[PDB]
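Chains as they are written, first to last, in the deposited numbering: chain S, 2 to 26; chain C, 191 to 379; chain B, 170 to 749. We put the CB at the ideal spot given by N, CA and C, even for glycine.
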Amino acid sequence: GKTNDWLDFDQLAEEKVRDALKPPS
Amino acid sequence: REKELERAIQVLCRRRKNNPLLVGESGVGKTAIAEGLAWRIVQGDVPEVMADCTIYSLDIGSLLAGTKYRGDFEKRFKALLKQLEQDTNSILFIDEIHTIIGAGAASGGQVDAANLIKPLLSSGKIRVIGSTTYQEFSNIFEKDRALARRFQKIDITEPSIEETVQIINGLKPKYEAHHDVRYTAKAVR
Amino acid sequence: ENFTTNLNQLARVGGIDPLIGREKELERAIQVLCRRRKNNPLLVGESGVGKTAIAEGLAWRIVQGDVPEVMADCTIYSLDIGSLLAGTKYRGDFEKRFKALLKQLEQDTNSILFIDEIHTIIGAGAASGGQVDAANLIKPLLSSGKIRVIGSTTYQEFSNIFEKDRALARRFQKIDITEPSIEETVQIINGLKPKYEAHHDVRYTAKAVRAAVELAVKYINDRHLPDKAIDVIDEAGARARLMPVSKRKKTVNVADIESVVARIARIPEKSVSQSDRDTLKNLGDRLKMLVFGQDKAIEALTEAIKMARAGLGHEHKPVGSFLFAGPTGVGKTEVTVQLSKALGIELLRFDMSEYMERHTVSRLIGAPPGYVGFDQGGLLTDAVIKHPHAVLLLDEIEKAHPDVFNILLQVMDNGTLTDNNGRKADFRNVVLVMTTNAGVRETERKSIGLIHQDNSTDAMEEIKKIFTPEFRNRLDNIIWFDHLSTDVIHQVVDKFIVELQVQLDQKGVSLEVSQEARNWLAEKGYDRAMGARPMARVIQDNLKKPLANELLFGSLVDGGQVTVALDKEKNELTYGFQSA
Ligand SMILES: Nc1ncnc2c1ncn2[C@@H]1O[C@H](COP(=O)(O)OP(=O)(O)OP(O)(O)=S)[C@@H](O)[C@H]1O
Ligand SMILES: Nc1ncnc2c1ncn2[C@@H]1O[C@H](COP(=O)(O)OP(=O)(O)OP(O)(O)=S)[C@@H](O)[C@H]1O
Ligand SMILES: Nc1ncnc2c1ncn2[C@@H]1O[C@H](COP(=O)(O)OP(=O)(O)OP(O)(O)=S)[C@@H](O)[C@H]1O
Ligand SMILES: [Mg+2]
Ligand SMILES: [Mg+2]
Ligand SMILES: [Mg+2]
């Protein structure tokens, strides 16, 4: 019997960034 | 928990990096040791060096309540540290300390509670007690080598069968009053 | 105004610890300041090495006067990035605050700005289209060279964040800082010792300071040598200050340092207390009282532990690595399970039958970074870190893939294993006991002849074939388990009967068994090829089975008083079944 082959699974990375505000006056 | 609390008091009495970190598995009484330290101080069964000290619990959710504008978190957090330095006899308890590592970054900045506290922990101006799980400590807290160095990892081990029955006996008066029932000596064992 | 702090003024009041050594690095940094180009020094180093002390310590030397005449009059300021962003609510606040500070420095040309963790300003405050990066604001001044600033960063941060900013990187001149040697670290403690001594009102012994730098580096491997030693020194002072009455410990002896390094490193301490000596010495019958026979197996486990606690042990290898082979039903695993109970330490079990496939190794050491299972982490590394002093049990090791054996080579020879996160697991105090079933087929096999031959040698050949010589050269001992003798079975029967009594005691039933009945069960269930496991079946069918019918629906609901006897006439057991 031929040897088995394993397949890896790569997870993508994406994140959300907050936003600070600066009033003019 | 005399051995655990004695090591914590020893770390809190150091000159520099006097910031214990109660690392242990969930359910091993990490918060109990930190929160119970205050209960012991009021009762009076603590070393004289630890008496007269006030322990405060930090709610990270309340700091970021209205931090919409830039600098609201920095000013709010920095002002809090000034209060501890003034009295120089107050301790800060930050449960789930792994959260403050990334809190306060607005869009792409590294300015956070970790960097804001870092220079104040290596100098010994303030004392902070931490509590976090092994998974969080290994995967998140351990990543920041600078912050990890300042914190003295105090390991908490699961108690034995005999050590647990005395704990329930001490807690039993609080649970009996809630349900208005009584527990037998055999039921606890 | 209030964002910065004059480190030179702070030194005048003792706010900065003194510097010891680091002459080569200080000269390098001072030289980088004097040069016309690339005047901004940078201090790349690992966490704890002392890079921050060098930047702040420079001010201490200036006030002292032990610096060159050119660097004799220069104000050193420490930039607190947190204070800059304190009141930066309205637009233009960051520009005014940052520009106002730079104006004071460029006009003077003598003041120098020390910015710790300069990688933080690379992503300074930006809210809506402003893109006012602190690096961009200071970039033009650094190019001309009018103002010079000192920097500090980690290797990761310098490469992950600071290297990306090529414009800043070219102006800054990297200075590599390395942890001092053990001989140099003791001098540092001697210089810092008076400050710690005054705070704790103690006096560290010259021998003790040396042990702190040697014991910590030997056991504590999670921190660099300069801060690691100071932590032991600082913590030892507090432990002596918290003495029960009148501060009995007025000096820190070597013994105190050893106790401080044992608790910090979660390892057994030296000069074992009398409480532990009793159980160690008494561990000659407790194991023999539960696991009968195989005395040589118990001696190897107890001797390796005694040697480690006594102080005579391998420098980097575990306390003991053993391979338990033998027939089925022998106490290969029971002796290991009962060893942790005798010592009162956590038992780490790992059924190696689950690791038959080569790709299954990922759950032991952990998946690589960027994978779905990276967060889960390794099972062996985490367990060892949580319980450094524990008994590891790799049951059914023969079933595992040969790749798994390679992982244990490093554990036995080096005692350090690297996980996905990079943490080093300490195997110095963990016991390694891996039970193997290799060659068991030959053990129960009967020779083709009148006289049955001993297949013990043939079984060892299978163990030598499956395990390469490298694996067998790192194991402290290979203990073949011999078959259970007739007399030994009598002891095994008593053990199972005791367990039955404990089970009946919970229900409130007692059990009395005659000596003749015990001998009958032994000869009936005795099987040299099947070990002691069949003895539990005889007890189940002859004792537990009748009692179960009576316990559920019978007179033996409570009170017990059961008696068992065998009549030679019928050659069968007699059950009392007293209601009580
Ligand atoms: N020595 C003790 N005395 C009294 N209660 C104890 C003691 N040790 C543990 N406990 C109990 O343990 C609980 C407190 O610890 P936990 O609720 O596990 O908090 P924690 O350790 O911060 O949790 P996470 O999930 O790890 S953040 C309460 O039920 C306590 O009564
Ligand atoms: N010459 C010295 N060498 C080593 N340690 C020293 C020296 N002088 C004083 N120390 C003490 O040991 C510490 C050395 O590390 P620090 O300079 O504090 O680390 P750091 O640069 O803040 O660390 P990170 O991880 O980079 S934030 C000093 O803060 C003092 O407590
Ligand atoms: N020498 C012994 N003394 C007392 N009980 C024993 C002895 N040997 C085996 N037993 C009992 O028989 C069972 C043995 O269980 P384990 O030790 O886990 O078996 P094992 O050694 O893994 O088995 P194999 O077949 O050799 S892989 C338990 O019920 C033990 O209590
Ligand atoms: Mg909690
Ligand atoms: Mg630093
Ligand atoms: Mg086995």
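B:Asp235 Cβ short of 6 Å to ligand 2 heavy atom set: Counting from 1 along the third sequence, the entry for residue 235 of chain B is found at position 66. False, no ligand heavy atom lies under 6 Å from that Cβ.
Indicate whether B:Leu253 and B:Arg266 have their beta-carbon atoms separated by less than 7 Å. For the purposes of this step, residue 253 of chain B is identified with residue 84 of the third sequence, where counting begins at 1. For the purposes of this step, residue 266 of chain B is identified with residue 97 of the third sequence, where counting begins at 1. At a Cβ-Cβ threshold of 7 Å, B:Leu253 and B:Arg266 count as neighbours.
Cβ atoms of C:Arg204 and B:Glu404: under 7 Å apart, would you say? Residue mapping note: residue 404 of chain B aligns to position 235 of the third sequence, counting from 1. Residue mapping note: residue 204 of chain C aligns to position 14 of the second sequence, counting from 1. Contact: yes.
Output needed for B:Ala180: all residues of its chain with C-beta closer than 6 Å, excluding positions within five of it in sequence on either side, in chain order. On the third sequence, residue 180 of chain B is found 11 positions in, with the first residue counted as 1. So the qualifying residues of the chain are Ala228, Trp229, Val232.
Any beta-carbon of chain C closer than 7 Å to the one on B:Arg435? Start at 1 with the first residue of the third sequence, and residue 435 of chain B comes out as number 266. Yes, B:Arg435 lies at the interface with chain C (some Cβ there is under 7 Å from its Cβ).
Kindly list, in the order they appear in chain S, the residues whose Cβ is closer than 7 Å to that of B:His528. For this step, residue 528 of chain B is matched to residue 359 along the third sequence. For a Cβ distance threshold of 7 Å, residue set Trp7 of chain S lies close to B:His528, ordered along the chain.
Straight-line CA distance for B:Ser748 to B:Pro496? Taking the first residue of the third sequence as position 1, residue 748 of chain B is located at position 579. Taking the first residue of the third sequence as position 1, residue 496 of chain B is located at position 327. In a straight line, the C-alpha of B:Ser748 is about 43 Å away from that of B:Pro496.
Residues of chain C with CB under 7 Å from B:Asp544, in chain order? Within the third sequence, the letter at position 375 stands for residue 544 of chain B. Among the residues of chain C, those whose CB is under 7 Å from the CB of B:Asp544 are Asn329, following chain order.
Start and end residues, alpha helix (DSSP H) containing B:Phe574: Sequence index remark: in the third sequence, residue 574 of chain B carries index 405 (1-based). It spans 571-582 - the alpha helix (DSSP H) in which B:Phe574 sits, taken as one unbroken run.
What residue ranges within the stretch 324-366 of chain B form continuous alpha helix (DSSP H) runs of no fewer than 4 residues, ordered along the chain? Taking only runs of at least 4 residues, the alpha helix (DSSP H) segments lying wholly in the stretch 324-366 of chain B are 335-340.
Using a Cβ distance threshold of 8 Å, determine whether the stretch 378-390 of chain B contacts the stretch 349-359 of chain B, with at least three qualifying pairs required. The stretch 378-390 of chain B vs the stretch 349-359 of chain B: in contact.
Chain B contact residues for C:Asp345, given Cβ-Cβ distances below 7 Å: Reading the second sequence from its first residue, position 155 is the one you call residue 345 of chain C. The answer, in chain order, is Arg435.
Those runs of the beta strand (DSSP E) which lie wholly inside the stretch 572-643 of chain B and span at least 3 residues: For the stretch 572-643 of chain B, whole beta strand (DSSP E) runs of length 3 or above, ordered along the chain, are 585-587, 593-595, 600-605.
Mind listing which residues have their beta carbon within less than 6 Å of any non-hydrogen atom of ligand 6? Chain order is fine. For ligand 6, the selected residues are B:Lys501, B:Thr502, B:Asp564, B:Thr604.
Could you name the residues of chain S that C:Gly298 contacts, counting a contact when the two beta carbons are closer than 7 Å? In the second sequence, the residue the question calls residue 298 of chain C occupies position 108. Chain S residues near C:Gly298: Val18.
One question on the structure: do B:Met704 and B:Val661 come within less than 7 Å of each other, judged by their Cβ atoms? In the third sequence, the residue the question calls residue 704 of chain B occupies position 535. In the third sequence, the residue the question calls residue 661 of chain B occupies position 492. Yes, the pair counts as a contact, with Cβ atoms nearer than the cut-off.
Which value, in whole angstroms, describes the spacing of the CA atoms of B:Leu601 and C:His288? Taking the first residue of the third sequence as 1, we reach residue 601 of chain B at position 432. Taking the first residue of the second sequence as 1, we reach residue 288 of chain C at position 98. Rounded to the nearest angstrom, the two C-alpha atoms are 33 Å apart.
Starting from residue 757 of chain B, trace the alpha helix (DSSP H) in both directions and tell me its first and last residue. Residue 757 of chain B cannot be examined here, being either before or after the span of chain B that is shown, 170 to 749.
For B:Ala296, does the count of other Cβ atoms within 10 angstroms reach 16, so buried, or fall short, so exposed? Residue mapping note: residue 296 of chain B aligns to position 127 of the third sequence, counting from 1. Classification of B:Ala296: buried, given that the 10 Å Cβ count is 16 or more.
Are the CB atoms of C:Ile319 and C:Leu310 nearer to each other than 7 Å? In the second sequence, counting from the first residue as 1, residue 319 of chain C sits at position 129. In the second sequence, counting from the first residue as 1, residue 310 of chain C sits at position 120. Taking 7 Å as the Cβ cut-off, C:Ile319 and C:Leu310 do not qualify as a contacting pair.
Indicate, with yes or no, if ligand 1 has a heavy atom lying under 6 Å from the CB of B:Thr529. Along the third sequence, read from residue 1 onward, the residue named residue 529 of chain B stands at position 360. Every heavy atom of ligand 1 is 6 Å or more from the Cβ of B:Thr529, so no.
Alpha-carbon to alpha-carbon, B:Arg592 and B:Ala424: Translated into the one-based positions of the third sequence, residue 424 of chain B becomes position 255. Translated into the one-based positions of the third sequence, residue 592 of chain B becomes position 423. Inter-residue distance for B:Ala424 and B:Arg592 is about 29 Å (C-alpha atoms, whole angstroms).
Do B:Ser321 and B:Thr221 have their CB atoms nearer than 7 Å? Looking up residue 321 of chain B in the third sequence gives position 152. Looking up residue 221 of chain B in the third sequence gives position 52. In contact: B:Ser321 and B:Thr221 (Cβ atoms closer than 7 Å).
Taking B:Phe665 as the reference, give the member of B:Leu470, B:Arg702, B:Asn390, B:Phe636 with the closest Cα. One-based indexing of the third sequence puts residue 665 of chain B at position 496. Considering only alpha carbons, the answer is B:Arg702.
Taking only the alpha-carbon atoms, compute the straight-line gap between B:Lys739 and B:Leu690 and give it to the nearest angstrom. Position 570 of the third sequence, counted from the first residue, corresponds to residue 739 of chain B. Position 521 of the third sequence, counted from the first residue, corresponds to residue 690 of chain B. Answer to the nearest angstrom: the Cα atoms are 15 Å apart.
Can you tell me whether B:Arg372 is helix, strand or coil according to DSSP? Counting from one through the third sequence, the residue named residue 372 of chain B turns up at place 203. When secondary structure is reduced to three states using DSSP, B:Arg372 falls in the strand class.
Tell me whether the stretch 601-617 of chain B and the stretch 447-457 of chain B touch, counting them as touching only if at least three CB pairs, one residue from each stretch, are closer than 8 Å. With a cut-off of 8 Å, the stretch 447-457 of chain B and the stretch 601-617 of chain B do not count as touching, because too few Cβ pairs lie within range.
For C:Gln276, which of C:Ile284, C:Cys243, C:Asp262, C:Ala255 has the nearest alpha-carbon? Residue mapping note: residue 276 of chain C aligns to position 86 of the second sequence, counting from 1. When each option's Cα is compared against that of C:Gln276, the closest is C:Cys243.
Please indicate yes or no: does the CB of C:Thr322 lie closer than 6 Å to some heavy atom of ligand 4? By 1-based counting over the second sequence, the position of residue 322 of chain C is 132. C:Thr322: no, Cβ never under 6 Å from ligand 4.
For B:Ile635, the nearest candidate out of B:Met581, B:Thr612, B:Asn575 (CA to CA): Taking the first residue of the third sequence as position 1, residue 635 of chain B is located at position 466. Ranking the options by Cα distance to B:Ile635, first place goes to B:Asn575.
Extent of the continuous alpha helix (DSSP H) to which B:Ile199 belongs: As a first step, residue 199 of chain B must be located in the third sequence, where it is residue number 30. Counting along the chain, the unbroken alpha helix (DSSP H) around B:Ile199 starts and ends at 192-203.
Check distances from the C-beta atoms of the stretch 355-372 of chain B to those of chain C and list, in chain order, the residues that come in under 8 Å. Close to chain C, meaning a Cβ-Cβ distance shorter than 8 Å, are the following residues of the stretch 355-372 of chain B: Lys364, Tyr365, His368, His369.
What residues of chain B sit near S:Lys3, judged by a beta carbon separation below 9 Å? Within the first sequence, the letter at position 2 stands for residue 3 of chain S. Taking a Cβ-Cβ threshold of 9 Å, none of the residues of chain B is close to S:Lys3; the smallest such distance is about 15 Å.
With respect to 6 Å, is the separation between the Cβ of B:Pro395 and the closest non-hydrogen atom of ligand 2 below this value? The residue labelled residue 395 of chain B in the question sits at position 226 within the third sequence. Answer for B:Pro395: yes, Cβ within range of ligand 2.
Can you check which of these residues, B:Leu548, B:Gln300, B:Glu526, is closest to B:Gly535 by C-alpha distance? The residue you call residue 535 of chain B lines up with position 366 of the third sequence. Considering only alpha carbons, the answer is B:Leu548.
Classify B:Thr626: buried if its beta carbon has 16 or more other beta carbons within 10 angstroms, exposed otherwise. Numbered from its first residue, the third sequence carries residue 626 of chain B at position 457. Taking every protein chain shown into account, the CB of B:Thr626 has fewer than 16 other CB atoms within 10 angstroms, so this residue is exposed.
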